[PDB]
Visitor: 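Sending over a structure as structure tokens; questions will come in a sec.
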Amino acid sequence: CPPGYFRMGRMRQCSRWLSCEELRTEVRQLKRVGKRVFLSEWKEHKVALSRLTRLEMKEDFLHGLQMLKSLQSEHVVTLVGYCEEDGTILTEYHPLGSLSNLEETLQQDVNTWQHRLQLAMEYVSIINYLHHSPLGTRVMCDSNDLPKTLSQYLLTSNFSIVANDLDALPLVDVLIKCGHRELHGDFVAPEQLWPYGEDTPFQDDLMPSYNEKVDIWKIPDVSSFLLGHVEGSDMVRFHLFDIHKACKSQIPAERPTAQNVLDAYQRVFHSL
């Protein structure tokens, strides 16, 4: 579709986004899931209706919407309509839900290492697109553990992955910092950890900023999750150890680009 247009289901042609007047009159709310998200319907289409919960985040809502508008692609959920006055956004609904439900969802004829590895190639394709997005290099900042990282992606009925939550996408080039609290653990990139030791208490203004290599650090965790434990999973992990080792490089500049990881994933896929 051209910019400003959507299409879903058996629609043969692209329709212009819905405006305040259509969301106000043509959308029947169904049941509450999940921004307060509602499963809804617009004529024959199940759609997601997110309403701004607290007016104090009117800018975290708008800049997520602007991010959603510019980044419409095969990697991002389909924007159907929005209304700035109501603080409301309409998107295409996906019954299979988050990437978190993957294991529950996969119990099928697509429960193979081939499909899970291609699922992993799809995840890296989103990261690669985000790093070369129309709005510049964007970082998926709200990925501090595995459940939260997967919660931001949806599984479509064709078993593809799309990014859904775009409310924490800062711009690199200009460095970035994911929040203003101290981050801990190993799921985050080590450059996201406080670098100055216990004798200097953490202080956000002294925390050095970083770039999009923090996304690369987290690829193996998501890819290993998608591979799961089916016949061939450990075979794929064997062939992915060294590329995942490069992703876990302590020095960010030594980590490969998302494009590199995808190329390696594709050579490993075809080889097996």
Side-chain angles (χ1 to χ4, degrees), residues 1 4-58 60-108 110 119 122-123 126 140 142-143 146-169 222 225-226:
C1 287
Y5 291 69
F6 75 93
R7 183 220 314 154
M8 46 183 177
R10 297 137 194 168
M11 283 174 60
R12 298 193 156 80
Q13 317 203 18
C14 300
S15 297
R16 165 50 182 55
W17 290 333
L18 304 187
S19 57
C20 285
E21 206 160 9
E22 285 109 297
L23 276 52
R24 241 105 84 150
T25 56
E26 329 199 340
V27 180
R28 179 157 67 184
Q29 216 153 289
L30 286 173
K31 124 250 250 171
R32 170 270 204 169
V33 298
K35 264 180 174 62
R36 212 139 203 81
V37 182
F38 288 88
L39 165 64
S40 304
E41 52 177 343
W42 173 68
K43 12 200 208 186
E44 64 260 358
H45 301 108
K46 310 287 194 194
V47 285
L49 182 63
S50 81
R51 185 172 293 98
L52 176 302
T53 40
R54 334 147 197 175
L55 283 138
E56 59 98 0
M57 295 270 89
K58 189 148 197 60
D60 286 19
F61 168 88
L62 270 176
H63 289 165
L65 171 72
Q66 184 58 70
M67 229 58 60
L68 192 65
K69 289 161 64 178
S70 307
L71 269 57
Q72 288 302 284
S73 59
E74 70 249 44
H75 309 109
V76 174
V77 67
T78 294
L79 170 66
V80 178
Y82 61 89
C83 176
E84 285 175 273
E85 182 182 354
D86 291 19
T88 186
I89 298 179
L90 199 60
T91 52
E92 184 189 21
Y93 177 84
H94 296 282
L96 298 181
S98 174
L99 247 194
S100 302
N101 318 331
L102 176 64
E103 222 57 62
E104 153 166 27
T105 299
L106 277 181
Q107 56 190 14
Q108 283 199 259
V110 295
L119 241 38
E122 286 194 45
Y123 176 81
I126 300 181
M140 207 76 170
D142 212 26
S143 40
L146 183 60
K148 181 69 205 224
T149 306
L150 304 168
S151 73
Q152 301 174 137
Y153 300 85
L154 297 183
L155 199 62
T156 81
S157 299
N158 201 18
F159 277 89
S160 295
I161 305 185
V162 291
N164 189 25
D165 177 29
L166 304 186
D167 294 324
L169 279 192
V222 178
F225 167 83
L226 303 174

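When reading the values below, keep in mind they use all heavy atoms of this one structure, side chains included, and skip hydrogens, waters and symmetry mates. Throughout, residue positions are numbered sequentially from 1 according to the sequence presented.
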Visitor: Tell me, please, which residues at least two apart from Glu103 pass side-chain contact (heavy atoms from CB on, under 4.5 Å).
Guide: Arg116
Visitor: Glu41: what forms a salt bridge (charged side-chain N to carboxylate O under 4.0 Å, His left out) with it, not counting sequence neighbours?
Guide: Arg28
Visitor: Going by salt bridge (charged side-chain N to carboxylate O under 4.0 Å, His left out), name the residues that satisfy it together with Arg16, two or more places apart in sequence or in a different chain.
Guide: none
Visitor: With sequence neighbours excluded, what pairs up with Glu44 under the side-chain contact (heavy atoms from CB on, under 4.5 Å) test?
Guide: none
Visitor: Just wondering, do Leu155 and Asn101 contact through their side chains at under 4.5 Å, heavy atoms?
Guide: no
Visitor: Are any side-chain N or O atoms of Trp17 and backbone N or O atoms of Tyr82, one a donor and one an acceptor, separated by less than 3.5 Å?
Guide: no
Visitor: When you measure from the side chain of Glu122 to the backbone of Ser160, do you find a donor-acceptor pair of N or O atoms at a distance under 3.5 Å?
Guide: no
Visitor: Got a donor-acceptor contact below 3.5 angstrom from the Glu84 side chain to the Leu62 backbone?
Guide: no
Visitor: Please give me the minimum heavy-atom distance between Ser98 and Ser151, naming the atom from each residue.
Guide: OG-CA, 3.2 Å
Visitor: Should we count CD of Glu56 as having more than 12 external heavy atoms under 6.0 Å?
Guide: yes
Visitor: List for me each residue that meets side-chain contact (heavy atoms from CB on, under 4.5 Å) alongside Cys14, sequence neighbours excluded, and say none if there are none.
Guide: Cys1, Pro2, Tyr5, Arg7
Visitor: Kindly write out the residues that satisfy salt bridge (charged side-chain N to carboxylate O under 4.0 Å, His left out) with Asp86, not counting sequence neighbours, or none if the list is empty.
Guide: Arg24
Visitor: How far apart are the closest heavy atoms of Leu52 and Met57, and which atoms are they?
Guide: CD2-O, 3.5 Å
Visitor: For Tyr93, which residues count as a ring pair (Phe, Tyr, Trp, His ring centres under 6.0 Å) partner, sequence neighbours excluded?
Guide: none
Visitor: Look up atom CE in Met8 and atom CD in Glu92, then write down how far apart they are to the nearest 0.5 Å.
Guide: 6.0 Å
Visitor: Show which side-chain atoms of residues 30-39 pair as donor or acceptor with protein atoms under 3.5 Å away, not counting sequence neighbours.
Guide:
none

Visitor: Who are the ring pair (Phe, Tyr, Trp, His ring centres under 6.0 Å) partners of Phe6, not counting sequence neighbours?
Guide: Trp42
Visitor: Could you tell me whether the side chain of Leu68 reaches within less than 4.5 Å of the side chain of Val76, counting heavy atoms only?
Guide: yes
Visitor: Going by side-chain contact (heavy atoms from CB on, under 4.5 Å), name the residues that satisfy it together with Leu146, two or more places apart in sequence or in a different chain.
Guide: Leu150, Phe187, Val222, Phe225
Visitor: For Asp167 and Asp60: C-alpha separation, side-chain torsions, deciding distance, then whether side-chain contact (heavy atoms from CB on, under 4.5 Å) applies.
Guide: CA-CA 6 Å; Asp167 294 324; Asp60 286 19; 5.5 Å; no
Visitor: Rounded at 0.5 Å granularity, tell me how far OG in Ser70 sits from CG in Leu169.
Guide: 11.0 Å
Visitor: Sequence neighbours left out, what pairs pass salt bridge (charged side-chain N to carboxylate O under 4.0 Å, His left out) with at least one residue falling in residues 148-163?
Guide: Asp142-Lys148
Visitor: Taking ring pair (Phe, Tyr, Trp, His ring centres under 6.0 Å) as the test, write out the residues that go with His63, two or more places apart.
Guide: none
